[PDB]
Amino acid sequence: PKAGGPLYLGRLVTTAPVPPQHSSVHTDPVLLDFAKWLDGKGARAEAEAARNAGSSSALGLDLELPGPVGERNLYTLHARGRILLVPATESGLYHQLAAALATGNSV
Amino acid sequence: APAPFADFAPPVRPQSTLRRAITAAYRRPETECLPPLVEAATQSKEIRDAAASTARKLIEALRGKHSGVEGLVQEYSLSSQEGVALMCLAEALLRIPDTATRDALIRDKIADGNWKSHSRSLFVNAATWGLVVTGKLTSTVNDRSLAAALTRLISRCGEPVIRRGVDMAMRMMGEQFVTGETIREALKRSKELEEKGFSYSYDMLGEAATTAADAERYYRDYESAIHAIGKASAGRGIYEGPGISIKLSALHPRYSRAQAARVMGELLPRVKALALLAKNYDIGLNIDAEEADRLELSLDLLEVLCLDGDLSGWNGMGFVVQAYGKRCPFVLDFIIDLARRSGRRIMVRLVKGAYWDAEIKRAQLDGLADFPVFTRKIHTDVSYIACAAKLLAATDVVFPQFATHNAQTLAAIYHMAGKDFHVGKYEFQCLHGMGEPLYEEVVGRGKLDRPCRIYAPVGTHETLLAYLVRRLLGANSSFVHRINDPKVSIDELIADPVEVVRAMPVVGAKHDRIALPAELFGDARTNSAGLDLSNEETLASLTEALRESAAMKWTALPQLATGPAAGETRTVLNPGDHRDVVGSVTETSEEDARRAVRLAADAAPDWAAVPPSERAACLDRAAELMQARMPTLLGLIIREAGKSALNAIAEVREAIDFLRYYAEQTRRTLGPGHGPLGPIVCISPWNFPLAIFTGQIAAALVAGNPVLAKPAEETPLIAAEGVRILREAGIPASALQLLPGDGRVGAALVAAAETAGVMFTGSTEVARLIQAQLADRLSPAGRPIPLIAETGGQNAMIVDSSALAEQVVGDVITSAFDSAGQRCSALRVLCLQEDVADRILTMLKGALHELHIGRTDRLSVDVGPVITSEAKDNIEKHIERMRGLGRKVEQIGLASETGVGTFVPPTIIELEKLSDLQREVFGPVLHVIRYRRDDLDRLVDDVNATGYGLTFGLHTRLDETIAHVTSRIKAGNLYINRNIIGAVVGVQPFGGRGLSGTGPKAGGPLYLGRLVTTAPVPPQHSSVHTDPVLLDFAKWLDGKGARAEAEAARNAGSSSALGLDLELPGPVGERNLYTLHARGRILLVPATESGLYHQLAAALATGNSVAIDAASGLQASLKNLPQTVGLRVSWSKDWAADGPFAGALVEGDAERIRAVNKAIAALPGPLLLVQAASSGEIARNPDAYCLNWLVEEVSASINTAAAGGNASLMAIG
Amino acid sequence: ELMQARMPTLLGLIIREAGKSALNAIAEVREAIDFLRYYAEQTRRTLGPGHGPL
Ligand SMILES: Cc1cc2nc3c(=O)[nH]c(=O)nc-3n(C[C@H](O)[C@H](O)[C@H](O)COP(=O)(O)OP(=O)(O)OC[C@H]3O[C@@H](n4cnc5c(N)ncnc54)[C@H](O)[C@@H]3O)c2cc1C
Ligand SMILES: NC(=O)c1ccc[n+]([C@@H]2O[C@H](COP(=O)([O-])OP(=O)(O)OC[C@H]3O[C@@H](n4cnc5c(N)ncnc54)[C@H](O)[C@@H]3O)[C@@H](O)[C@H]2O)c1
Ligand SMILES: OCc1ccc2c(c1)CCO2
Ligand SMILES: [Mg+2]
């Protein structure tokens, strides 16, 4: 994560905290389609994890940070890109997909 | 057969001179109200100095002893969101009844990690807690921010912070926001301050009954409280002893002027019964003051009660008057006179007023002349002091009760009242948990030795939070906010409002930052004006005008350019009573319809030659004529179309707004190069028989086209009157021909060779017939005849467990049953989250049974008839099918008087799945579906799956749910936390997608451009955003060597207005947004490679995907597309299998275009907006395909006052 | 606080050891101060018993 930014300290502990202002009201639509697919096949635990990931993802965060006058300093969270998924089990794959899709990524 | 309007709105009683003086002041200009108030509030210099010194002493005492929430935020270093989230968690933990269970859940589960693990968002009331924590009101809740903050604070601080939050919330909700959870607890807690000289008035928190059952519950709560208060009073009497305060709106679900007869018949006896009990215990019973439109009605109840001999011997009846209201001094004159006449010493509570922001919004929405309240806070302060001077001169006949937390106000009155005091002369009043710090500096021999009665709310956490937002507005102009602001000096707080107002350059000027309703749109155009159906003068004048309209010999004739034409003549009957003949229509022969089109064609050059500015002037003159003629137009609409007076007002206002909006849009856009299409056939529906009729015609005319106006066969008379008005305003007869008759006249007009465009509003099935007719046709240039087809809806509202049930029910009743559900925008499918469905459904059914159905020439009628017996038959066949499947069906019982008309009772049908509905049922039939919260996204899919896309409503407080639902729903008009029937021209540009419309939206800025051969650039119509798939396609084109096409693609990317996102000016307390999105999947029918590339560029630049005709043989032209572009591209051999499409682009010669147009018209489902061009046209004209028609307009109207107040107006004082 | 108070001395070292101009040495020390204070504040906003160190 970026130095001098709110995600940095969380990389240096074994369980990351929720950083200040770190949330988004946006839900990735492909995540939502994935959750519905999971519910269709009765993967109830995975569909719940998918919905929870969709909500707790901060993808779409878009903040203006306090700074000097005459400048606008913006901070935004986007998808990383394409995530390599190395699953072992079907449930593991569903959880990995949920995490990656909820954050806007392809896999 | 009762005479029309003979019983329209008779007043409860003949209006006395004193009552008429009240009504005369209702909306009196503020500059006229203030001077007499300044005069009445003037005091001597010695008194003003003494009052300033007393106020300074009180304020110094207040500031010298000035926290609970603040101390918690400080101790745990909470952010504001953490503080709010903590209080929401505490609120939820307090819903666990057993203390040991709550403490165990905190210790073992909440503190130790996932609070989420233990059907209702924790944050439903976060707007209220945000007000507590931050002093600022947000209308909706950022539940994801709160969830993050709660996780963060629990993980950082653990059980200790949760414990402190719970204890704080328990103190605030059980001891501060209320005196007690029950009347017994409140009475026990009142002894301490009673011993110091305070008294109490208890508020059981009942308000705004929605059902008979609610009103009964509030009644029995008041009755039980009176017993408890009277037992505790124990003979102390009405001044030393406690009393009760009631709200009339709690005691009847239809407390309004329109239902005055039911109010006097049903509400009055209930108040009397409560008053008789208060009399027996000799306690005060005060009637709280509510919205401005209930003031004068409440006076009729006060009058009866004070004259009722059964209540004689008791002086405990009390009545609030709101000094922020322009009628206040005249109301006081009336009350003082009533006290003299009755011999009752009426207890008069003078307040400033609690509904200020709502009154501003209401007057703006209703287009009324002025506000019923002042718009500068200082004016209310002067009004209050002036009214106190009037009350203090009448202490022998009334008991003044000065309710205020403002130390300057208090000091002014304390000195005005003078040194002679006895208990019973007057008192002050304050709110529990707010006013005690001030009044502990007032009550008692050691202070000012003046009594104070504490207004004491009593009730549970559920009841308290309901209207706590209103009670806290804590606005920047509020004394209690200012006393705590360090930047506000005592000298500022003790400033004398009377002397400040007196010295202003214009005494009583309106607030500069609040628009009068007529000025909502500023320089752009004049807002239409409505009528105040709570104003007795307006009702009396309207009654006469309505009666006079029923004596007019209304006719509708084929008005050809050559004069009226003969034809088959029949009567037009009132749908609510077929014995009431409204007028006569002569219908147009198909021969004369064709002749009219030929005359329109011959006249087209002369009308196109009238400059756009002068055409727009005709529209503006027509709007002025319609505004002046509104009362007469109302009567015709009421009797011809089954509309209530309120809905007829809206109808005429909408027509006026269309005229003025299209006039202004013309003045912004149209020039010599925007040539008219030619004769336009305007075919309109019956249900908005003036507004939509006028809108289509006005748009076509002002764009320079002569019009053939074919109104619905059910409602020709108001159409004929609209045409008469337009002709009077200067539209030549050759430019506007009226052709009454049925669908045959419409079809003959559509089929006529010189018809250059069709504007249709009506059913989807009829539009499909018109689409088929036009598929045979090409313009003389060999291009498709433009069709605007605005069609039906299957409109849903989604309600989650965070919504306020009473708000939902009101919006549902209005959206589903207003006009008997005969609005295209009407709510058809209500979707209730499972956890709240039963409670909301019970409330909705209770509200349904309070509706009055009947002939609409009575103000008391809520729901009128359906338009015809065939419509009734069609609706009832649907109801019976549903009932025959076992679905639960709730219907209001109809009065026998409905037998002379065609009525369908408002009906609620509980469905199992949304697929139970086939087509739009255009009647008063609400379907109800239940959904589990996790299935919200699937539900949105189901709503979209109908293929309609007109109006859609969402009731939620939760930003995550708003973002999700609004991003996934596909409808043209979205409404958040309000009804779904809003179509304010230029504010909610109206029109849908799919089976609901082709667009462009009526009342929006793309509309006129469809009625000319070369579309202008609408005002504000641009976007800085470039579709990234378009950009990838442009790069691909360059890599393929298609250099000119790549340049055209880049140009299309820039020219596209996809991503436009505007807020449209409108009323306070609402945000009205207008956005341009992709339409969906566009069918591309290319002929050449270059044409395909241009078609693709146009479609991608506007955000669409495409289905390309596989029969074009152009597959080899799209080899090696970037994956981003390939994702948007499909190839279609069977177009009907790969739809629905959202538009089409066609390349070919004239006969190819004709053949393709026929094939497109044959596709199932939505009408497609087709644009065609030849290969040469594509080469010559960069705008061969116009990007205006490849985007989809979406209007979203958000009620930002839904949380209980207006944040933006908190800064306006 | 110590780096702020000792900024002039730190500047001299940075200028001579790292080839920095005075203005960029000031920026260097300011950034170090800001990291210290920012991570301190972020810690005060976030870290609790369950966020164990690596
Ligand atoms: C015991 C008690 C009983 C009450 N009963 C009722 C009741 O039955 N009905 C009712 O409507 N209210 C009632 N109120 C009053 C209402 O709830 C507010 O408490 C009251 O208006 C606040 O005025 P204040 O003088 O204490 O303070 P202030 O800060 O002096 O006055 C604030 C008031 O100024 C007015 N105001 C604010 N901005 C503007 C503006 N831009 N233009 C014009 N006016 C403005 C509003 O009325 C606002 O409430 C009652 C109040 C008390 C204390
Ligand atoms: N999307 C909107 O803005 C909007 C607004 C109001 C009403 N509507 C829809 O209008 C419908 C109700 O109005 P209605 O009952 O008057 O509609 P309709 O389809 O019955 O009739 C509409 C008009 O088309 C004419 N007509 C009928 N058959 C025709 C034909 N074969 N060729 C040419 N013209 C023909 C009628 O005479 C009438 O003037 C509802 O479905 C409603 O949802 C849509
Ligand atoms: O908050 C004080 C208050 C008391 C009674 C009342 C209102 C406010 C509004 C209508 O009735
Ligand atoms: Mg019809």
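Residues numbered from 1 in each chain as written, not as in the entry; some residues may be left out. Chains lettered and ligands numbered in written order. Part of a larger assembly, values for the part shown. Heavy atoms only, no water. Residues with missing side-chain atoms left out of burial classes, pairs and counts.

Engineer: Which residues make up the overall build of chain C, and what values do they have?
Structural biologist: Counting secondary structure elements, chain C contains three helices and zero strands. When the helices and strands of chain C are read in sequence order from the N terminus, they spell out α-α-α. Expected size for 54 residues packed as a compact globule is a radius of gyration near 10 Å; at 15 Å, chain C overshoots this value by more than 25%. Each principal axis of the C-alpha distribution contributes one length, and for chain C these read about 45 × 20 × 15 Å. Of the roughly 4,000 Å² of accessible surface on chain C, a fraction of 60% belongs to carbon and sulfur atoms. For chain C, the distance from the average position of its 7 positive side-chain charges to the average position of its 6 negative side-chain charges is 3 Å. (Helix = DSSP H or I, 4+ residues; strand = E, 2+ residues; numbered from the N terminus. Rg over C-alpha atoms; globule rule 2.2 N^0.38 Å. Areas by Shrake-Rupley, 256 points an atom, 1.4 Å probe, with all protein chains shown as cover. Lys, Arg positive; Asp, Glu negative; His and termini not counted. Charge placed at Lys NZ, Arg CZ, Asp CG, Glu CD.)

Engineer: Break down the site of ligand 1 for me, with residues and values.
Structural biologist: Residues and elements named next belong to chain B. The local shell around ligand 1 holds 30 residues, among which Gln322, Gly353, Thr404, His405 and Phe479 are the closest. At 2.9 Å, a side-chain N or O of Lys352 approaches an oxygen atom of ligand 1. In the environment of ligand 1, an oxygen atom lies 2.7 Å from a nitrogen or oxygen atom belonging to the backbone of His405. Here ligand 1, which alone exposes 940 Å², has 88% of that area covered by the protein. (Near = heavy atom within 4 Å. Polar contact = N/O pair within 3.5 Å; in protein donor to acceptor, adjacent residues only side chain to side chain.)

Engineer: Summarise the interface of chain B and chain A; cite the residues concerned and give the values.
Structural biologist: Taken together, the 15 residues of chain B in the interface contact 18 residues of chain A. Carbon and sulfur atoms supply 53% of the area that chain B and chain A bury against each other, a total of about 1,200 Å² over both sides. For the chain B face of the interface with chain A, the top three residues by lost area are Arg144(B), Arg152(B) and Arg968(B), together amounting to 39%. The tally of links between chain B and chain A comes to four salt bridges. Residues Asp33(A) and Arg968(B) are paired through a salt bridge, measuring 2.6 Å at the closest nitrogen-oxygen approach. (Contact = heavy atoms within 4.5 Å. Buried area = accessible area lost by both parts, 1.4 Å probe. Salt bridge = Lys/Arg side-chain N within 4 Å of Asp/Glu carboxyl O.)

Engineer: Outline the pattern of salt bridges, supporting the account with residue identities and numerical values.
Structural biologist: Within the structure shown, the criterion is met by 88 salt bridges over all chains. When salt bridges that share partners are traced, they join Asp33(A), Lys36(A), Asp937(B), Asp941(B) and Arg968(B) into one network.

Engineer: Please give an account of the sheet that holds strand 13 (residues 577-586) of chain B that cites residues and values.
Structural biologist: The pairing of strands in a sheet comes from backbone hydrogen bonds and takes either a parallel or an antiparallel form. Residue and element names in this part refer to chain B. The strand order across the open sheet built from three strands is 9-13-12, with neighbouring strands paired in mixed fashion. The open sheet has two edge strands with one neighbour each: strand 9 (554-556) and strand 12 (569-574). In this sheet, adjacent strand axes meet at a mean angle of 40° when their direction is disregarded. Note: strand 12 against strand 13, six bridges, orientation antiparallel. By the bridge assignment for strand 13, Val572 is matched with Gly583. On the sheet, helix 26 (residues 612-641) packs against strand 9, strand 12 and strand 13 and is oriented at approximately 115° with respect to strand 13. (Pairing = 2+ DSSP bridges. Axes fitted to C-alpha atoms, helices over the stretch in contact; angles between N-to-C directions.)

Engineer: Go over the site of ligand 2 with me, naming the residues and quoting the values.
Structural biologist: Residues and elements named next belong to chain B. Neighbouring residues of ligand 2: 31 residues in total, closest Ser684, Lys710, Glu713, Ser763 and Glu920. A distance of 2.6 Å is found between an oxygen atom of ligand 2 and a side-chain nitrogen or oxygen belonging to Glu713. In isolation ligand 2 exposes 860 Å². Once the protein is present, 89% of that is buried. Sorting the residues of the shell around ligand 2 by element identifies helix 30 (743-751), strand 17 (757-761) and helix 31 (764-775) as the ones contributing at least two each.

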